[PDB]
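Everything on this sheet refers to the single structure shown next.
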Amino acid sequence: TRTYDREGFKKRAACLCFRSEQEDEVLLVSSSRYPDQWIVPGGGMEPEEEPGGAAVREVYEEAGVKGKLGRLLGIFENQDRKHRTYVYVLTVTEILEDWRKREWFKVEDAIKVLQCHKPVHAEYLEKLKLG
């Protein structure tokens, strides 16, 4: 089920999954329906979920990884779709074998990939450089 805030935005969560604490390489994935499109893993929050819980669940489901949840990068508001997405960072500790594709990308290459594939997700990684 979907959940909304009092301003009518759909609540979502997403996560930049990093290979290490360096935050140099991020895991991108592609979905089942659009396998040639790289995206950052994320999705809708469920009704009684906290944003970090959603984030952790989404990376397990859409990326097949587990790790240590880090800071809230920010809340990204997509006015074209009326989304508000809590984007976290996470340090990957386990890659679940037998889990669609998933690849490590240096952040700069990830931004270039996403600028074509999914511009909104590119903004997530740009926020790392922004500060």
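Side-chain atoms are counted along with the backbone in the values below, which use heavy atoms only and exclude waters and symmetry mates. Residue numbers count from 1 along this sequence.
Remark: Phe76 engages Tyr124 in a ring-ring contact (aromatic ring centres under 6.0 Å, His included) (not counting sequence neighbours).
Put simply, the side chain of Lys118 never gets that close to the backbone of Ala122: no donor and acceptor are under 3.5 Å apart. The backbone N or O of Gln22 sits less than 3.5 Å from a side-chain atom of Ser20, completing a donor-acceptor pair. With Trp104 contributing its side chain and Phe18 its backbone, the two residues share no donor-acceptor pair below 3.5 Å. Side-chain atoms of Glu58 never come within 3.5 Å of backbone atoms of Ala14 as a donor-acceptor pair (strictly under, hydrogens ignored). Judged by distance alone, with hydrogens and angles left aside, the side-chain atoms of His121 form a donor-acceptor pair with the main-chain N or O of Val40 at under 3.5 Å.
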Name the atoms and distances for all side-chain donor-acceptor pairs under 3.5 Å in residues 41-53, with sequence neighbours left out.
unit_1	atom_1	unit_2	atom_2	d
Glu49	OE1	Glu46	N	2.8
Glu49	OE1	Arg57	NH2	3.0
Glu49	OE2	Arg57	NE	2.5
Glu49	OE2	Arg57	NH2	3.4

For side chain to side chain contact (heavy atoms under 4.5 Å, CB included), just list the numbers for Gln115 and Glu126, CA-CA rounded to whole Å, side-chain angles, deciding distance to a tenth of an Å, and then say yes or no.
CA-CA 10 Å; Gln115 274 173 353; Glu126 290 180 7; 4.1 Å; yes
Evaluate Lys11 against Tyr4 for side chain to side chain contact (heavy atoms under 4.5 Å, CB included), listing each step before the verdict.
CA-CA 5 Å; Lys11 291 156 66 75; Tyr4 303 90; 5.8 Å; no
Just do the side chain to side chain contact (heavy atoms under 4.5 Å, CB included) check on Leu28 and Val113 with the steps written out, would you?
CA-CA 10 Å; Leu28 298 184; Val113 156; 4.1 Å; yes
For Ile39 and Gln37, run side chain to side chain contact (heavy atoms under 4.5 Å, CB included): C-alpha distance rounded to whole Å, both residues' side-chain angles, the deciding distance at 0.1 Å, then the answer.
CA-CA 6 Å; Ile39 60 181; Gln37 184 193 25; 4.0 Å; yes
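When all heavy atoms of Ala110 and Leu125 are compared, the closest pair comes out as CB-CD1, 3.6 Å. Closest of all the heavy-atom pairs between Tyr88 and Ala55 is CD1-CB, 3.6 Å.
Between the CG atom of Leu128 and the CG atom of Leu16 there is a distance of 5.5 Å, given to the nearest 0.5 Å. We find the CD-CZ distance between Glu25 and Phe105 to be 10.5 Å, quoted to the nearest 0.5 Å. The distance from the SG atom of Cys17 to the CD atom of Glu23 is 11.5 Å, given to the nearest 0.5 Å.
Electrostatic pairing of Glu97 and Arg102 does not count as a salt bridge here, judged by no charged N lying under 4.0 Å from a carboxylate O.
Side-chain contact between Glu77 and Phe9 is present, with at least one heavy-atom pair separated by less than 4.5 Å. With contacts defined as side-chain heavy-atom distances shorter than 4.5 Å, the pair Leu90/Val59 qualifies. The closest side-chain heavy-atom distance from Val65 to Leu27 is below 4.5 Å.
Pairs passing the salt bridge (charged side-chain N to carboxylate O under 4.0 Å, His left out) check and including a residue from residues 1-10, sequence neighbours excluded, read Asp5-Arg84, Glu7-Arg84.
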